[PDB]
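In the form deposited without this ligand, a lone chain appears below as structure tokens.
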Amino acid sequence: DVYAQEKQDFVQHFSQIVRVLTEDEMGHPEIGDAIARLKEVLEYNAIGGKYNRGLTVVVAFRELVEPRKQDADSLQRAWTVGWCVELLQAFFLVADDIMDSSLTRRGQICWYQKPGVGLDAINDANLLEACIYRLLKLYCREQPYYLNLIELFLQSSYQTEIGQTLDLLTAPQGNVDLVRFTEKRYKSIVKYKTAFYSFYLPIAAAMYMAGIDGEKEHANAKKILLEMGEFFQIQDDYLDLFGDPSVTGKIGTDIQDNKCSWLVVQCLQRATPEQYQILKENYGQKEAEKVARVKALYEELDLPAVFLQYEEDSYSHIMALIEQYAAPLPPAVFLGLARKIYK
């Protein structure tokens, strides 16, 4: 795929990002110790993932911009804006792992769990966020899209933070309540906390870099991308349990962690008073036996079949969304992304 083609150049560019960001202690030797800590924070948190969100900027750039205008400088800017997306995610992950007491992230121990780090990781998360705007100034200050990119990264941080607030209010640690776990609530959490920054932001960033700044074009691209975001998170909640972890790189911690998953939401909708009481008793419990009972209840309520009928309607619908709203953008912009998610 077009993602694997662009990966190597993109991952190689991280060294440049780190160099340019650590080139602040040249004239200001006084902050050197802080800059060394910033480097360590970048290396641990911005590296070790799939880089899919960041690569989406680069892939979309290649497809939106005329090959003739894709010079050395424009590509460097595309790889930087791609890394800004990856930094925005690192900032979210570092902080979210603190708030939900996570132990591991991308196979390794969470940054905040590292000895000597702890709650200092809050400042580290803030620094990761600050790096975006430093990189945008260093690389894009002179571009006609500079302001659009700044506003886009700010609006996406804001939407994600609203999504995170909504998530925290729905699943309060200690105040365990399944009444709050509605489809309307789930869809809003997914839209604000995940779909905007993961799907709309990288394509939207690529669009502005190509000079596509029209509100209607951005509204059209957003209608497609937000639906792709809903599907992705719904599919990810299934794979957390009903998915053979050979393919993935994570296992079912959602039942024991008391998460507002798409599974628990459908389970509640299709529940009899007795079925609900079983879920009420077993969901969110650290006990192995209790986790095993929820899985059995999900299987009983046709949830692997419910997810298949959802996939079916979703495959056709995203194709309808691309058919109707991709123009004037090349449909391959959305299709290349949908292939990675839907297959």
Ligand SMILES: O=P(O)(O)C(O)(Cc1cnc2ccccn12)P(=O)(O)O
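Numbering starts at 1 and runs along the sequence shown. Note that the rigid core is defined as the largest set of C-alphas that superpose within 1.5 Å between two forms.
The discussion below concerns the form deposited with this ligand bound, not included here.
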Inset, instruction - Using the pose of this ligand in the deposited bound form, placed onto this unliganded form by C-alpha superposition round the site, state open if no ligand atom is within 2.4 Å of a backbone or C-beta atom and blocked if 3 or more are. - result: open
Legend entry - Interface stretch in the deposited bound form with this ligand - options 156-164, 143-151, 177-185, 130-138, non-hydrogen atom within 4.5 Å: 156-164
Inset, instruction - Name the single residue among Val265, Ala271, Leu93, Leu241 that comes within 4.5 Å of this ligand in the deposited bound form, judging by heavy atoms. - result: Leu93
Inset, instruction - May I ask you to choose, among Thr194, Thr80, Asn220, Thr170, the residue with a heavy atom within 4.5 Å of this ligand in the deposited bound form? - result: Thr194
Legend entry - this ligand contact in the deposited bound form: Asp100, any heavy atom under 4.5 Å: yes
Inset, instruction - Mark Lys250 yes when one of its heavy atoms lies within 4.5 Å of a heavy atom of this ligand in the deposited bound form, and no otherwise. - result: yes
Inset, instruction - Could you check whether the CA atom of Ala171 moves 2 Å or more between this form and the one not shown, using the rigid core for the fit? - result: no
Legend entry - Threshold 2 Å Cα movement between this form and the one not shown for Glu311, core superposed: yes
Inset, instruction - Tell me, please, whether between this form and the one not shown the C-alpha of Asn282 is shifted by 2 Å or more, with the rigid core used for superposition. - result: yes
